[PDB]
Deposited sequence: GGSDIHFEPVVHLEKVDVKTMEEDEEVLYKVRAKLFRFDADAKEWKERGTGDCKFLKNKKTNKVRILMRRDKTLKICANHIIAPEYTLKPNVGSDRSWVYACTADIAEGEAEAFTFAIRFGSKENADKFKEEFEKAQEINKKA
């Protein structure tokens, strides 16, 4: 006898994941400002094979970086750090309309920073 009983990134693949702190440059104040600390993920869309950076803040999970790893971008060192990269971004959509930024991302060690440049350049080719 039968008794009756009682995000938006699921189409992507995580190529690289690393903990980091992200800064944005306020040129009008010649001052770096923190934007978020959390996991930085290189996400590969299965239906286009395009790779983006997606980064969320801990606890609140709010997006602090969402943009394509464009092949034109270039990772530059910052004068006061051997574990960070600086680079300009022309279209980030973490906070609404696509906007341009000079970003800086820092990691826990120079090792993680270099590996990030590895993966970041690998991903740059994937986007071509």
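Counting from residue 1 of the deposited sequence, the stretches lacking C-alpha coordinates in this chain are 1-4, 11-19, 142-143.
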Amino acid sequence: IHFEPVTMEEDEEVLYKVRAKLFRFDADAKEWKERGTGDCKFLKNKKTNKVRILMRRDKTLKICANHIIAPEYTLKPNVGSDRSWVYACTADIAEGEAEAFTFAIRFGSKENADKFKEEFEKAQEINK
From here on, numbers count along this sequence of modelled residues.
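Among other compared entries that model residues flanking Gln124, every one gives it coordinates, keeping it clear of the one-third cutoff. The mean C-alpha temperature factor is higher for 93-101 when 30-38 and 93-101 are set side by side. Across the two stretches, 70-78 and 56-64, the PDB entry reports the greater mean Cα temperature factor for 70-78.
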